[PDB]
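Data from final.cif: mmCIF, C-alpha atoms
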```cif
data_work
#
loop_
_atom_site.group_PDB
_atom_site.id
_atom_site.type_symbol
_atom_site.label_atom_id
_atom_site.label_comp_id
_atom_site.auth_asym_id
_atom_site.auth_seq_id
_atom_site.Cartn_x
_atom_site.Cartn_y
_atom_site.Cartn_z
ATOM 1 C CA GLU A 7 70.978 86.922 -1.359
ATOM 2 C CA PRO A 8 71.230 90.569 -0.243
ATOM 3 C CA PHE A 9 68.924 91.647 2.598
ATOM 4 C CA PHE A 10 68.022 94.991 4.199
ATOM 5 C CA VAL A 11 69.349 95.425 7.733
ATOM 6 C CA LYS A 12 69.431 97.991 10.518
ATOM 7 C CA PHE A 13 72.006 97.958 13.310
ATOM 8 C CA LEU A 14 71.111 99.504 16.659
ATOM 9 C CA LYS A 15 74.014 101.305 18.253
ATOM 10 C CA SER A 16 74.048 101.875 21.996
ATOM 11 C CA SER A 17 76.851 102.530 24.487
ATOM 12 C CA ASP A 18 77.072 99.032 25.977
ATOM 13 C CA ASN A 19 77.349 97.120 22.700
ATOM 14 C CA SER A 20 79.192 95.050 21.936
ATOM 15 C CA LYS A 21 81.381 92.011 21.355
ATOM 16 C CA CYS A 22 79.458 90.313 18.532
ATOM 17 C CA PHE A 23 77.575 93.383 17.297
ATOM 18 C CA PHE A 24 80.814 94.724 15.834
ATOM 19 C CA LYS A 25 81.780 91.333 14.418
ATOM 20 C CA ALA A 26 78.396 91.491 12.686
ATOM 21 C CA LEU A 27 78.695 95.052 11.373
ATOM 22 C CA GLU A 28 81.933 94.101 9.655
ATOM 23 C CA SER A 29 80.848 90.631 8.510
ATOM 24 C CA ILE A 30 77.909 92.215 6.672
ATOM 25 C CA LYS A 31 79.978 94.970 5.053
ATOM 26 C CA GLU A 32 82.099 92.292 3.386
ATOM 27 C CA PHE A 33 78.879 90.575 2.299
ATOM 28 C CA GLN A 34 76.855 93.370 0.686
ATOM 29 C CA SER A 35 76.700 97.070 -0.197
ATOM 30 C CA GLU A 36 75.797 99.686 2.407
ATOM 31 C CA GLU A 37 72.730 100.292 0.367
ATOM 32 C CA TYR A 38 71.284 97.400 2.348
ATOM 33 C CA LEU A 39 72.770 98.557 5.670
ATOM 34 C CA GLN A 40 71.379 101.258 7.949
ATOM 35 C CA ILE A 41 72.597 102.181 11.432
ATOM 36 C CA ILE A 42 70.051 103.460 13.942
ATOM 37 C CA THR A 43 70.476 105.539 17.099
ATOM 38 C CA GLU A 44 68.216 104.529 19.989
ATOM 39 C CA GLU A 45 66.475 107.874 19.483
ATOM 40 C CA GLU A 46 65.869 107.177 15.796
ATOM 41 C CA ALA A 47 64.585 103.696 16.640
ATOM 42 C CA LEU A 48 61.952 104.925 19.100
ATOM 43 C CA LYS A 49 60.333 107.164 16.482
ATOM 44 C CA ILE A 50 59.603 104.243 14.151
ATOM 45 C CA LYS A 51 55.869 103.509 14.279
ATOM 46 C CA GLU A 52 55.708 101.070 11.366
ATOM 47 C CA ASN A 53 57.142 97.617 10.635
ATOM 48 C CA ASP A 54 59.443 98.137 7.650
ATOM 49 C CA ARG A 55 59.618 94.347 7.406
ATOM 50 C CA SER A 56 63.353 95.043 7.517
ATOM 51 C CA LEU A 57 65.772 93.133 9.740
ATOM 52 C CA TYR A 58 66.651 94.790 13.046
ATOM 53 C CA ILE A 59 69.623 93.634 15.107
ATOM 54 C CA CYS A 60 69.925 94.079 18.873
ATOM 55 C CA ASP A 61 72.555 92.539 21.168
ATOM 56 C CA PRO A 62 70.586 92.825 24.454
ATOM 57 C CA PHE A 63 67.081 91.371 23.982
ATOM 58 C CA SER A 64 66.015 93.433 27.002
ATOM 59 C CA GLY A 65 65.583 97.197 26.786
ATOM 60 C CA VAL A 66 63.142 100.053 26.237
ATOM 61 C CA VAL A 67 64.040 100.112 22.531
ATOM 62 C CA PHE A 68 63.804 96.340 22.121
ATOM 63 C CA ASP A 69 60.347 96.253 23.693
ATOM 64 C CA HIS A 70 59.190 98.949 21.291
ATOM 65 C CA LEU A 71 60.566 97.197 18.203
ATOM 66 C CA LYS A 72 59.129 93.868 19.373
ATOM 67 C CA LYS A 73 55.683 95.299 20.127
ATOM 68 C CA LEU A 74 55.524 96.532 16.531
ATOM 69 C CA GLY A 75 56.270 93.043 15.233
ATOM 70 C CA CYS A 76 59.622 93.907 13.668
ATOM 71 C CA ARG A 77 62.093 91.148 12.791
ATOM 72 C CA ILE A 78 64.767 91.196 15.494
ATOM 73 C CA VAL A 79 67.789 88.903 15.745
ATOM 74 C CA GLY A 80 70.946 88.802 17.845
ATOM 75 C CA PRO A 81 74.391 89.504 16.342
ATOM 76 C CA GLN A 82 75.328 85.820 16.787
ATOM 77 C CA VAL A 83 72.612 84.919 14.260
ATOM 78 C CA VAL A 84 74.249 86.983 11.517
ATOM 79 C CA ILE A 85 77.699 85.574 12.270
ATOM 80 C CA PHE A 86 76.282 82.047 12.239
ATOM 81 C CA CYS A 87 74.435 82.568 8.947
ATOM 82 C CA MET A 88 77.382 84.306 7.282
ATOM 83 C CA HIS A 89 79.732 81.481 8.245
ATOM 84 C CA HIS A 90 77.368 78.668 7.235
ATOM 85 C CA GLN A 91 76.185 80.386 4.053
ATOM 86 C CA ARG A 92 72.547 79.731 4.942
ATOM 87 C CA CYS A 93 69.837 82.392 4.779
ATOM 88 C CA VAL A 94 68.931 84.273 7.963
ATOM 89 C CA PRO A 95 65.678 83.205 9.635
ATOM 90 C CA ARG A 96 62.397 85.076 9.341
ATOM 91 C CA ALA A 97 61.804 86.347 12.860
ATOM 92 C CA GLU A 98 58.151 85.910 13.800
ATOM 93 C CA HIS A 99 59.715 85.806 17.243
ATOM 94 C CA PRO A 100 63.102 87.369 18.029
ATOM 95 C CA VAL A 101 65.968 84.890 17.536
ATOM 96 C CA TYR A 102 69.031 85.639 19.668
ATOM 97 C CA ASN A 103 71.230 82.843 18.299
ATOM 98 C CA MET A 104 71.239 79.690 16.179
ATOM 99 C CA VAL A 105 72.517 77.171 18.719
ATOM 100 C CA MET A 106 69.266 75.211 18.439
ATOM 101 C CA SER A 107 68.743 76.140 14.834
ATOM 102 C CA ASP A 108 67.954 72.830 13.154
ATOM 103 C CA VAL A 109 66.017 71.239 16.004
ATOM 104 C CA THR A 110 62.241 70.994 16.443
ATOM 105 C CA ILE A 111 61.071 69.994 19.917
ATOM 106 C CA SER A 112 57.895 68.863 21.646
ATOM 107 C CA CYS A 113 56.890 68.828 25.319
ATOM 108 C CA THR A 114 55.043 66.516 27.693
ATOM 109 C CA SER A 115 54.409 66.114 31.423
ATOM 110 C CA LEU A 116 55.575 69.637 32.232
ATOM 111 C CA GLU A 117 53.939 72.321 34.349
ATOM 112 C CA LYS A 118 52.323 74.837 32.003
ATOM 113 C CA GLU A 119 54.769 77.402 33.378
ATOM 114 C CA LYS A 120 57.806 75.201 32.701
ATOM 115 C CA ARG A 121 56.548 74.466 29.179
ATOM 116 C CA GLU A 122 56.398 78.173 28.327
ATOM 117 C CA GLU A 123 59.908 78.774 29.665
ATOM 118 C CA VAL A 124 61.328 76.006 27.478
ATOM 119 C CA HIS A 125 59.531 77.345 24.398
ATOM 120 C CA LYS A 126 61.006 80.810 24.875
ATOM 121 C CA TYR A 127 64.510 79.340 25.108
ATOM 122 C CA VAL A 128 64.091 77.035 22.114
ATOM 123 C CA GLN A 129 62.700 79.893 20.025
ATOM 124 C CA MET A 130 65.438 82.347 20.986
ATOM 125 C CA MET A 131 68.013 79.779 19.854
ATOM 126 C CA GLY A 132 66.677 79.227 16.335
ATOM 127 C CA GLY A 133 64.509 76.198 17.046
ATOM 128 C CA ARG A 134 60.841 75.449 16.456
ATOM 129 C CA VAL A 135 58.025 74.056 18.581
ATOM 130 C CA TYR A 136 55.767 71.195 17.492
ATOM 131 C CA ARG A 137 53.130 70.178 20.028
ATOM 132 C CA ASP A 138 51.829 67.188 18.056
ATOM 133 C CA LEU A 139 54.277 64.439 17.092
ATOM 134 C CA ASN A 140 55.086 63.572 13.495
ATOM 135 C CA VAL A 141 58.134 62.931 11.310
ATOM 136 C CA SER A 142 59.397 66.501 11.748
ATOM 137 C CA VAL A 143 59.762 66.373 15.540
ATOM 138 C CA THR A 144 63.396 65.688 16.450
ATOM 139 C CA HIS A 145 63.450 65.870 20.253
ATOM 140 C CA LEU A 146 60.949 65.413 23.078
ATOM 141 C CA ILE A 147 61.324 67.441 26.269
ATOM 142 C CA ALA A 148 59.713 65.391 29.044
ATOM 143 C CA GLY A 149 59.171 66.463 32.640
ATOM 144 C CA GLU A 150 57.985 63.009 33.657
ATOM 145 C CA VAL A 151 57.099 59.639 32.144
ATOM 146 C CA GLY A 152 53.806 57.928 31.377
ATOM 147 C CA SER A 153 51.849 60.092 28.938
ATOM 148 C CA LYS A 154 50.643 58.852 25.542
ATOM 149 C CA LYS A 155 52.947 61.356 23.866
ATOM 150 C CA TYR A 156 55.867 59.971 25.869
ATOM 151 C CA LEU A 157 54.971 56.472 24.662
ATOM 152 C CA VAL A 158 54.555 57.474 21.013
ATOM 153 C CA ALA A 159 57.957 59.170 21.134
ATOM 154 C CA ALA A 160 59.644 56.122 22.667
ATOM 155 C CA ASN A 161 58.133 53.922 19.947
ATOM 156 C CA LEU A 162 59.403 56.211 17.185
ATOM 157 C CA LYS A 163 62.636 55.877 19.143
ATOM 158 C CA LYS A 164 63.135 59.650 19.474
ATOM 159 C CA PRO A 165 65.425 61.337 22.043
ATOM 160 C CA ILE A 166 63.511 61.902 25.286
ATOM 161 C CA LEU A 167 65.388 64.623 27.179
ATOM 162 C CA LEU A 168 64.907 66.679 30.354
ATOM 163 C CA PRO A 169 64.131 70.433 30.461
ATOM 164 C CA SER A 170 67.617 70.830 31.944
ATOM 165 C CA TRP A 171 69.030 70.095 28.487
ATOM 166 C CA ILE A 172 67.382 73.268 27.190
ATOM 167 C CA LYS A 173 68.363 75.325 30.240
ATOM 168 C CA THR A 174 71.921 74.056 29.837
ATOM 169 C CA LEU A 175 72.061 74.909 26.131
ATOM 170 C CA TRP A 176 70.811 78.414 26.871
ATOM 171 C CA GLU A 177 73.012 79.084 29.890
ATOM 172 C CA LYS A 178 76.127 77.746 28.155
ATOM 173 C CA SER A 179 75.144 80.061 25.294
ATOM 174 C CA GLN A 180 75.153 83.485 26.971
ATOM 175 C CA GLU A 181 78.455 82.416 28.478
ATOM 176 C CA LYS A 182 80.690 81.963 25.429
ATOM 177 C CA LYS A 183 81.190 78.206 25.807
ATOM 178 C CA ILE A 184 79.028 76.668 23.084
ATOM 179 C CA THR A 185 77.734 77.478 19.590
ATOM 180 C CA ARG A 186 75.694 74.389 18.697
ATOM 181 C CA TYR A 187 73.322 72.065 20.555
ATOM 182 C CA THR A 188 75.453 69.118 19.413
ATOM 183 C CA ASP A 189 78.487 70.407 21.315
ATOM 184 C CA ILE A 190 77.162 68.976 24.596
ATOM 185 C CA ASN A 191 76.035 65.427 25.363
ATOM 186 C CA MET A 192 72.349 64.534 25.060
ATOM 187 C CA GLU A 193 73.055 61.271 26.870
ATOM 188 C CA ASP A 194 73.663 63.168 30.117
ATOM 189 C CA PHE A 195 70.135 64.594 29.968
ATOM 190 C CA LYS A 196 68.078 61.517 29.112
ATOM 191 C CA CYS A 197 64.798 61.301 31.024
ATOM 192 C CA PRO A 198 65.097 58.626 33.747
ATOM 193 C CA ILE A 199 62.970 55.569 32.943
ATOM 194 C CA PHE A 200 60.886 55.884 36.122
ATOM 195 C CA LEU A 201 60.988 59.654 36.661
ATOM 196 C CA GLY A 202 57.626 60.558 38.172
ATOM 197 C CA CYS A 203 56.745 57.051 39.344
ATOM 198 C CA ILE A 204 56.328 56.145 43.009
ATOM 199 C CA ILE A 205 56.532 52.358 43.150
ATOM 200 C CA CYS A 206 55.307 49.961 45.837
ATOM 201 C CA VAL A 207 55.738 46.189 45.925
ATOM 202 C CA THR A 208 53.945 43.202 47.406
ATOM 203 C CA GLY A 209 54.402 39.441 47.574
ATOM 204 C CA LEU A 210 58.068 39.398 46.533
ATOM 205 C CA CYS A 211 60.935 37.630 48.313
ATOM 206 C CA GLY A 212 63.176 39.981 50.309
ATOM 207 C CA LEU A 213 65.865 39.637 47.655
ATOM 208 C CA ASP A 214 63.615 40.636 44.755
ATOM 209 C CA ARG A 215 61.949 43.396 46.769
ATOM 210 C CA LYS A 216 65.339 44.950 47.493
ATOM 211 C CA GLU A 217 66.337 44.721 43.830
ATOM 212 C CA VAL A 218 63.406 46.694 42.422
ATOM 213 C CA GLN A 219 64.021 49.076 45.314
ATOM 214 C CA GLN A 220 67.535 50.038 44.227
ATOM 215 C CA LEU A 221 66.784 49.745 40.510
ATOM 216 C CA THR A 222 63.951 52.217 41.030
ATOM 217 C CA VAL A 223 66.261 54.721 42.718
ATOM 218 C CA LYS A 224 68.796 54.079 39.963
ATOM 219 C CA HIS A 225 66.238 55.122 37.338
ATOM 220 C CA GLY A 226 64.748 58.362 38.667
ATOM 221 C CA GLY A 227 61.801 56.724 40.409
ATOM 222 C CA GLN A 228 60.832 56.771 44.077
ATOM 223 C CA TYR A 229 60.492 53.620 46.162
ATOM 224 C CA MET A 230 57.938 53.363 48.966
ATOM 225 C CA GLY A 231 57.980 50.584 51.540
ATOM 226 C CA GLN A 232 54.257 50.969 52.154
ATOM 227 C CA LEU A 233 51.165 51.829 50.110
ATOM 228 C CA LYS A 234 49.906 55.288 51.077
ATOM 229 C CA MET A 235 47.120 57.028 49.158
ATOM 230 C CA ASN A 236 48.035 60.161 47.202
ATOM 231 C CA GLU A 237 51.614 58.907 47.293
ATOM 232 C CA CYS A 238 51.799 55.631 45.358
ATOM 233 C CA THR A 239 51.539 55.552 41.569
ATOM 234 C CA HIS A 240 52.410 51.943 40.744
ATOM 235 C CA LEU A 241 51.906 48.791 42.781
ATOM 236 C CA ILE A 242 53.857 45.809 41.474
ATOM 237 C CA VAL A 243 51.778 42.684 42.098
ATOM 238 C CA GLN A 244 51.742 39.327 40.321
ATOM 239 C CA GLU A 245 48.103 38.371 40.892
ATOM 240 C CA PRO A 246 44.773 40.180 41.591
ATOM 241 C CA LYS A 247 44.334 39.123 45.226
ATOM 242 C CA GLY A 248 45.210 40.242 48.747
ATOM 243 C CA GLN A 249 44.236 43.000 51.164
ATOM 244 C CA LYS A 250 46.875 45.396 49.827
ATOM 245 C CA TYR A 251 45.998 44.772 46.182
ATOM 246 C CA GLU A 252 42.280 45.353 46.794
ATOM 247 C CA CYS A 253 43.109 48.658 48.489
ATOM 248 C CA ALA A 254 45.285 49.908 45.626
ATOM 249 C CA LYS A 255 42.564 48.850 43.191
ATOM 250 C CA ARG A 256 40.134 50.821 45.347
ATOM 251 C CA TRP A 257 42.329 53.940 45.136
ATOM 252 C CA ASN A 258 42.599 53.552 41.351
ATOM 253 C CA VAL A 259 46.347 52.912 41.529
ATOM 254 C CA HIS A 260 48.148 51.071 38.729
ATOM 255 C CA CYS A 261 48.549 47.379 39.523
ATOM 256 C CA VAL A 262 51.247 45.890 37.301
ATOM 257 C CA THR A 263 53.295 42.697 37.046
ATOM 258 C CA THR A 264 57.072 42.595 37.461
ATOM 259 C CA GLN A 265 57.205 42.123 33.691
ATOM 260 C CA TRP A 266 56.351 45.819 33.413
ATOM 261 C CA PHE A 267 59.177 46.936 35.699
ATOM 262 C CA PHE A 268 61.941 44.893 34.070
ATOM 263 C CA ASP A 269 60.768 45.373 30.486
ATOM 264 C CA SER A 270 60.891 49.107 31.166
ATOM 265 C CA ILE A 271 64.561 48.919 32.148
ATOM 266 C CA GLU A 272 65.154 46.606 29.179
ATOM 267 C CA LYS A 273 63.427 48.742 26.543
ATOM 268 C CA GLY A 274 64.919 51.900 28.043
ATOM 269 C CA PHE A 275 61.669 53.658 28.921
ATOM 270 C CA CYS A 276 58.513 53.398 31.034
ATOM 271 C CA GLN A 277 56.187 50.836 29.459
ATOM 272 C CA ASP A 278 52.454 51.254 28.931
ATOM 273 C CA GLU A 279 50.670 49.972 32.037
ATOM 274 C CA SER A 280 47.748 48.543 30.058
ATOM 275 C CA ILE A 281 49.969 45.747 28.738
ATOM 276 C CA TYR A 282 51.028 44.589 32.206
ATOM 277 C CA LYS A 283 47.817 44.940 34.221
ATOM 278 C CA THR A 284 47.734 42.635 37.255
ATOM 279 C CA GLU A 285 44.046 42.037 36.549
ATOM 280 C CA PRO A 286 43.280 40.248 33.257
ATOM 281 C CA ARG A 287 39.566 41.079 33.117
#
```

Would you put the structure from the file into structure tokens?
Amino acid sequence: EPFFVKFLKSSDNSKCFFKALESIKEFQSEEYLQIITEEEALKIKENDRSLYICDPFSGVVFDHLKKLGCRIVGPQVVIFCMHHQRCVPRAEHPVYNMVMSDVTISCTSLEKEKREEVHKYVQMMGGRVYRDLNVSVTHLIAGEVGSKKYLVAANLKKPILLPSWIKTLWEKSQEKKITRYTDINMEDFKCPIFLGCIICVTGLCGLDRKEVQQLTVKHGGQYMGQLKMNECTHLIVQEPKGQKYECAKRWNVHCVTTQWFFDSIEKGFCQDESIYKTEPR
């Protein structure tokens, strides 16, 4: 169980850094423990394959150690591992803490930029990233609804959460409020059933029209009174006929039956449009 470590001592550090120094001393002999001055650290030109520990993941020294490929982890990682009696992680990427330690996420319907931001957070918290979905994926970060991946996840009945969940976990992490992803409520971050949809309706009685209107707003979607191109995503129609229908069909907009809208709210996620196509043929 012993492992070779190097602590980096600066002036600013630290609250946890010193909890770590001690925690390790009670765990193993100093033979495995080295303490490095920022000067000493900068001289290193080779990856010892040792374990380096830095409290601030931003700094001239950090950048150097990271560029080399060294294994860097935050003090909170050591404390976490010591207390849970589980081995420290191998740091292909620097791991600041273990809040997200046993979780493996996936992403869909996110701006490439947003995706990368989430990945950096998940990685720095002891989590992994799995683009393709299989048994091992535990959570799906979704920016919107509709993709195949989104549908496969909903079928496997896996938690479909917003990027805010990750941002929250991270932010509540720096600030000493939380130590585990389970400490907050996933429920409050569920991806709205119609998030991303812009729904229009036709041929429904005023009562029904007003119902889908407020149910849409209640589930993250946007309601539009009229069908405008480059603005409407779904047009709820019962049958393949009418001037409005033919126009939506012309714009390549989804024409679906009410069955789609209400089954979505029933099942708890946005249904596949192919199953509810207004047009049979």

Residue 129 of chain A: which residues within 8 Å, counting all atoms listed in the file, same-chain residues fewer than 6 positions away excluded, as a PyMOL selection string?
chain A and resi 99-101+135

Put those residues in a file: C-alpha atoms, as a compact mmCIF listing (two decimals), in the coordinates of the input.
```txt
# COMPACT_ATOMS: atom_id res chain seq x y z
CA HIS A 99 59.72 85.81 17.24
CA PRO A 100 63.10 87.37 18.03
CA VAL A 101 65.97 84.89 17.54
CA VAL A 135 58.02 74.06 18.58
```

Enumerate, as a list in words, the residues matched when the PyMOL selection byres ((chain A and resi 44) around 10) is run on the file above.
residues 14, 15, 16, 17, 41, 42, 43, 45, 46, 47, 48, 49, 66, 67 and 68 of chain A

d(atom CA of residue 192 of chain A, atom CA of residue 165 of chain A) in Å
8.2 Å

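Each of A:262, A:201, A:124, A:141 was compared to residue 156 of chain A using all atoms listed in the file, and A:201 turns out to be the nearest.
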
Quick one: everything within 12 Å of residue 218 of chain A, counting only C-alpha atoms, minus sequence neighbours fewer than 3 positions away in the same chain. Send it as JSON, numbers by chain.
{"A": [200, 204, 205, 206, 207, 208, 210, 211, 212, 213, 214, 215, 221, 222, 223, 224, 225, 227, 228, 229, 230, 231, 241, 242, 264, 265, 266, 267, 268, 270, 271]}

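Taking atom CA of residue 276 of chain A and atom CA of residue 251 of chain A as the two end points, the separation is 21.5 Å.
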
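Atom to atom, atom CA of residue 60 of chain A and atom CA of residue 78 of chain A stand 6.8 Å apart.
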
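For the file shown, the residue list from the PyMOL selection byres ((chain A and resi 53) around 10) reads residues 50, 51, 52, 54, 55, 56, 57, 71, 72, 73, 74, 75, 76 and 77 of chain A.
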
Which residues match the PyMOL selection byres ((chain A and resi 186) around 8) in the file above, as a JSON list (two decimals) with C-alpha atoms, in the frame of the given file?
```json
[["chain", "number", "residue", "atom", "x", "y", "z"],
["A", 104, "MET", "CA", 71.24, 79.69, 16.18],
["A", 105, "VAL", "CA", 72.52, 77.17, 18.72],
["A", 106, "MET", "CA", 69.27, 75.21, 18.44],
["A", 184, "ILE", "CA", 79.03, 76.67, 23.08],
["A", 185, "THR", "CA", 77.73, 77.48, 19.59],
["A", 187, "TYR", "CA", 73.32, 72.06, 20.56],
["A", 188, "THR", "CA", 75.45, 69.12, 19.41],
["A", 189, "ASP", "CA", 78.49, 70.41, 21.32]]
```

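Closest approach to residue 283 of chain A among A:246, A:65, A:149, A:169 is made by A:246 (distances from all atoms listed in the file).
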
Using only C-alpha atoms, can you tell me which of A:162, A:97, A:199, A:131 comes closest to residue 150 of chain A?
A:199

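Among the candidate residues A:7, A:278, A:193, A:61, the one lying nearest to residue 19 of chain A is A:61, with distances computed using all atoms listed in the file.
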
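With distances taken over all atoms listed in the file, A:274 is the one residue among A:209, A:286, A:248, A:274 lying closest to residue 196 of chain A.
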
Report, as AutoDock Vina command-line options, the axis-aligned box around all atoms of segment 200-210 of chain A present in the file, extended by 6 Å on each side; give centre and edge lengths in Å to one decimal place.
```
--center_x 57.5 --center_y 50.0 --center_z 41.8 --size_x 19.0 --size_y 33.2 --size_z 23.5
```
